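Asker: One structure follows; several queries about it will come next.
Protein chains: 2
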Amino acid sequence: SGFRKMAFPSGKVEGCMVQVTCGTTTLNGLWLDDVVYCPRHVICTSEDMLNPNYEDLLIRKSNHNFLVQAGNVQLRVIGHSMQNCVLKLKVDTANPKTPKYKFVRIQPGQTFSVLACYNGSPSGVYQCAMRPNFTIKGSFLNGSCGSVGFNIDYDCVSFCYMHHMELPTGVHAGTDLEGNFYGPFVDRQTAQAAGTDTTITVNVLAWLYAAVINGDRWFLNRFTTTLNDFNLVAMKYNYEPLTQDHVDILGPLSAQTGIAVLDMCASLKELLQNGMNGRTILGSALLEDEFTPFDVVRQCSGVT
Amino acid sequence: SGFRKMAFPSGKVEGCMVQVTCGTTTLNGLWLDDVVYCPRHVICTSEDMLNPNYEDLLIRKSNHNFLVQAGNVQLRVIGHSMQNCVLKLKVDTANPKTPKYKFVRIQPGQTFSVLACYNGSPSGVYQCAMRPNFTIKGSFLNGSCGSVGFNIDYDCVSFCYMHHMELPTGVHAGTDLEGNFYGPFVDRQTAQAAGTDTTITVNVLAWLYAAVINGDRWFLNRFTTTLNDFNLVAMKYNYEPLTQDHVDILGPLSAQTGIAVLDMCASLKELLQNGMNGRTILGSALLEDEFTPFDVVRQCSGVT
Ligand SMILES: Cc1ccncc1NC(=O)[C@@H]1CCOc2ccc(Cl)cc21
Ligand SMILES: Cc1ccncc1NC(=O)[C@@H]1CCOc2ccc(Cl)cc21
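Protein chains in written order, with the entry's author numbering: chain A, 1 to 304; chain A', 1 to 304. A prime marks a further copy of an entry chain.
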């Protein structure tokens with residue numbers, strides 16, 4: 001019992017973190033096999049960031065200009081290439097701590113752990129969701145660029161995020177490990193619209209199931225709803241419309257608790273329309289949307 | 001910018017986790033140097049737990065009855081001893097992944113990371129506080145016993161908690177690494193009073209400073225208070241009385257923000273008396289007490 005915003009154990013990712021320096025700029029890199037991946041803005045000065053021509057800036061750099069370090073290990077750079085907004089620095093040594101890994105592009109609404117790093121050193125780990133508007137609400141300061149997001153299935157680390165930027169609004173933006181930004185963002189110092197965000201309905205419902213499993217049940221009611229009725233309420237409250245695919249993903253939680261998905265939707269509808277009335281659910285005074293139905297199943301069953 | 005419930009990177013602790021089996025019972029152990037530490041109830045059956053005589057139960061066990069495994073590594077047990085509620089199994093091999101470590105007894109109100117484990121395998125990591133009543137509100141299922149809590153300062157892991165039990169109320173209880181329970185708890189299947197808990201005032205104030213640092217300022221007001229006046233409000237709302245030692249620990253945050261500690265106390269007083277009025281602070285709709293002033297300084301400065 002108990003339900004926490006749990007992150008994946010970060011050890012396999014800690015063994016991949018390196019410091020990458022180019023000129024006056026230092027950030028984090030991810031060393032997998034004989035390649036170090038890092039944000040391409042490592043080649044920029046603060047002045048360059050207003051409107052960088054990355055192709056031109058990278059042409060003035062050679063392999064020896066990229067200093068890659070992992071504590072007492074200095075890596076020898078034998079190749080460099082830019083792929084979208086990431087640099088791939090080929091090194092002469094394969095990382096002996098390379099875990100089994102994959103590079104994945106996660107969907108909005110999915111969750112992942114972030115290993116926040118500074119100067120190639122891990123500072124902390126936290127769980128977060130990729131918002132529907134493709135931003136993340138992380139905890140990042142200058143120097144955290146290159147810190148990565150990931151998920152772990154058994155012995156395989158699926159890297160899904162690399163940190164690049166903080167928007168003027170304080171929210172965060174980054175790329176997949178092929179350097180493609182999530183969202184409309186560009187890697188330049190310009191004000192950029194994140195766009196309207198919404199609450200991840202399927203995740204709030206998964207978290208309400210987690211609440212019932214762990215004993216928080218005060219929000220259960222004698223009502224039911226339909227997908228159409230619930231979606232009129234979701235519209236009013238800036239929630240993502242619920243689809244049958246979402247209902248389908250909630251199947252295991254509905255089966256375990258015996259609470260029909262649309263019955264749980266009626267509870268969510270009443271909480272949206274009336275608020276919490278000064279009460280809490282799983283230690284929260286708001287409707288939590290950073291737990292996917294898969295996260296709930298995993299945490300409630302103790303998967304390792 | 002951004003502020004998250006961040007846990008320490010768990011890698012150094014993952015390398016210490018082992019599975020300990022004794023008879024029909026399997027739980028987690030912590031392998032440091034040539035000793036494996038685990039809850040002494042590993043020697044009990046479910047029937048034994050109603051009123052176990054641990055000394056008698058342990059007398060029926062020999063070194064070869066404790067099966068210690070770390071994946072493909074089976075450890076050879078050459079000694080066993082009980083220290084309070086923990087067993088210390090001497091093994092013939094020192095853990096090659098032993099980090100620099102210390103065993104510490106944390107104070108109530110302090111925070112730490114928990115690496116939740118099952119069958120010797122890490123499942124997740126989360127940050128939590130030791131409640132003033134010496135319980136923790138974790139996320140633990142059967143088999144998570146032996147999972148540990150810790151803090152990290154540079155390269156040293158200070159182990160402060162080992163998980164033992166879930167109270168009938170769903171909250172958790174455990175020991176320091178010398179096997180002394182935090183709180184009045186005993187390791188037996190009996191209903192046990194946790195006692196009145198309180199909110200960690202100094203931590204809520206530290207978190208209000210973190211909010212101001214990250215741009216959430218709506219709660220700042222034109223008021224001030226005294227320690228005496230604030231403590232009358234703290235009493236009414238089941239908050240820990242604020243002392244000059246607490247004010248002293250908030251000094252760095254007061255200096256950084258320019259907001260006097262008693263001025264921040266007046267903001268906390270108004271939030272206690274009026275609530276949040278449907279607003280949020282750092283993504284929370286309640287007053288968060290799981291961040292110490294040290295946690296705020298560390299996260300806001302990116303310490304690794
Ligand atoms: C300061 C900070 C904090 C948290 N995360 C990231 C940062 N850093 C940035 O955003 C840097 C500095 C500012 O200008 C830009 C512009 C574009 C890009 Cl891709 C990077 C950056
Ligand atoms: C089931 C569970 C869940 C989470 N954390 C822990 C547990 N396990 C327990 O509490 C076990 C089983 C029940 O009886 C007792 C009694 C005393 C002690 Cl020390 C241990 C236990």
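Positions of the beta carbon are idealized from the N, C-alpha and C atoms, including for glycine.
Pull up the distance between the alpha-carbon of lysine 102 of chain A and that of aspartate 216 of chain A, whole angstroms please.
Answerer: Counting only the Cα atoms, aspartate 216 of chain A lies some 37 Å from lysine 102 of chain A.
Asker: Report the option in A:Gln74, A:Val297, A:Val186 whose CA atom is closest to the CA atom of residue 305 of chain A.
Answerer: No answer is possible for residue 305 of chain A: it lies beyond the span of chain A, which begins at 1 and ends at 304.
Asker: Apart from the five residues just before and just after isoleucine 78 of chain A', which ones in its own chain have a Cβ nearer than 8 Å to its Cβ?
Answerer: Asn63, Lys90, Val91, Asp92
Asker: Is the beta carbon of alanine 116 of chain A' closer than 8 Å to that of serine 81 of chain A'?
Answerer: no
Asker: Just to check, is the beta-carbon of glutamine 110 of chain A closer than 7 Å to a non-hydrogen atom of ligand 1?
Answerer: no
Asker: Do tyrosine 126 of chain A' and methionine 130 of chain A come within 8 Å of each other at the CB atom, strictly closer than that value?
Answerer: no
Asker: In chain order, which continuous runs of the beta strand (DSSP E) of length 3 or greater are located wholly inside the stretch 3-47 of chain A?
Answerer: 17-22, 25-32, 35-39
Asker: Spell out the partners DSSP gives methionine 162 of chain A' in its beta bridges.
Answerer: A':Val148, A':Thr175
Asker: Using the C-alpha atoms, what's the distance from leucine 57 of chain A back to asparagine 95 of chain A'?
Answerer: 47 Å
Asker: Regarding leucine 141 of chain A' and ligand 2, is the C-beta to nearest heavy atom distance less than 7 Å?
Answerer: yes
Asker: Quick one: which residues of the stretch 101-131 of chain A get their C-beta closer than 9 Å to a C-beta of chain A'? List them in chain order.
Answerer: Under the 9 Å Cβ criterion, the stretch 101-131 of chain A contributes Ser113, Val114, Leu115, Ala116, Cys117, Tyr118, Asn119, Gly120, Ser121, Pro122, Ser123, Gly124, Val125, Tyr126, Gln127, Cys128.
Asker: What span of residues does the beta strand (DSSP E) with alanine 129 of chain A cover, start to end?
Answerer: 121-129
Asker: Counting only beta-carbon separations shorter than 8 Å, does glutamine 299 of chain A have a partner in chain A'?
Answerer: yes
Asker: Near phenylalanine 3 of chain A', what residues of its chain come up, given a Cβ to Cβ distance below 7 Å and the 5 sequence neighbours on each side ignored?
Answerer: Closer than 7 Å at Cβ, skipping near neighbours: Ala210, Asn214, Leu282, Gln299.
Asker: For the stretch 150-165 of chain A' against the stretch 47-54 of chain A', are there 3 or more C-beta pairs whose distance is under 8 Å?
Answerer: no
Asker: Can you grab the Cα-Cα spacing for the pair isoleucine 259 of chain A' / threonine 243 of chain A', in whole Å?
Answerer: 18 Å
Asker: Cβ of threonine 226 of chain A within 8 Å of Cβ of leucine 262 of chain A?
Answerer: yes
Asker: By Cβ distance below 6 Å, which residues in the same chain neighbour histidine 246 of chain A' in space, the five residues on each side in sequence not counted?
Answerer: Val202
Asker: For the stretch 187-196 of chain A' against the stretch 151-159 of chain A', are there 3 or more C-beta pairs whose distance is under 8 Å?
Answerer: no
Asker: Can you tell me which of the three DSSP states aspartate 153 of chain A falls into?
Answerer: strand
Asker: Between the stretch 214-228 of chain A and chain A', which residues of the former have CB atoms less than 9 Å from a CB of the latter, in chain order?
Answerer: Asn214, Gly215
Asker: Compare the C-alpha of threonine 98 of chain A' against each of A':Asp34, A':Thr135, A':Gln74 and name the closest.
Answerer: A':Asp34
Asker: So with Cβ pairs under 8 Å, would you call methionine 6 of chain A a contact of chain A'?
Answerer: yes
Asker: Any heavy atom of ligand 2 within a distance shorter than 7 Å of the CB on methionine 82 of chain A'?
Answerer: no
Asker: Pick from A:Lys269, A:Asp295, A:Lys236, A:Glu14: whose alpha carbon is nearest that of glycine 120 of chain A?
Answerer: A:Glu14
Asker: What three-state label does DSSP hand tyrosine 209 of chain A in the structure shown?
Answerer: In this structure, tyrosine 209 of chain A counts as helix in the three-state DSSP scheme.
Asker: Label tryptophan 218 of chain A either buried or exposed according to how many other C-beta atoms from any shown protein chain fall within 10 Å of its C-beta, with 16 as the threshold for buried.
Answerer: exposed
Asker: Which residues, taken in chain order from the stretch 253-286 of chain A', show a beta carbon closer than 8 Å to some beta carbon of chain A?
Answerer: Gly275, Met276, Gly278, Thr280, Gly283, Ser284, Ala285, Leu286
Asker: Quick check on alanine 255 of chain A: does DSSP put it in helix, strand or coil?
Answerer: Helix at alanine 255 of chain A.
Asker: Got a sec: does ligand 2 put a non-hydrogen atom nearer than 7 Å to the Cβ of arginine 4 of chain A?
Answerer: no
Asker: When the Cα of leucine 75 of chain A' is compared with those of A':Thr21, A':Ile59, A':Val114, which residue comes out closest?
Answerer: A':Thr21
Asker: If you compare alpha carbons, which of A':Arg279, A':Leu287, A':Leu250, A':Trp31 is closest to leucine 87 of chain A'?
Answerer: Closest option to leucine 87 of chain A', Cα to Cα, is A':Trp31.
Asker: Just to confirm before moving on: does the CB-CB distance between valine 148 of chain A and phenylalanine 159 of chain A stay below 8 Å?
Answerer: yes
Asker: Is the beta carbon of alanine 206 of chain A less than 8 Å from the beta carbon of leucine 253 of chain A?
Answerer: Cβ atoms of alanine 206 of chain A and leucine 253 of chain A: closer than 8 Å.
Asker: Would a C-beta distance cut-off of 8 Å place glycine 143 of chain A and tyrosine 118 of chain A closer than the cut-off?
Answerer: Annotated as proximal: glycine 143 of chain A and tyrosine 118 of chain A, with beta-carbon spacing under 8 Å.
Asker: Is any heavy atom in ligand 2 found nearer than 7 Å to the beta carbon of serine 113 of chain A?
Answerer: Ligand 2 has no heavy atom closer than 7 Å to the beta-carbon of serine 113 of chain A.
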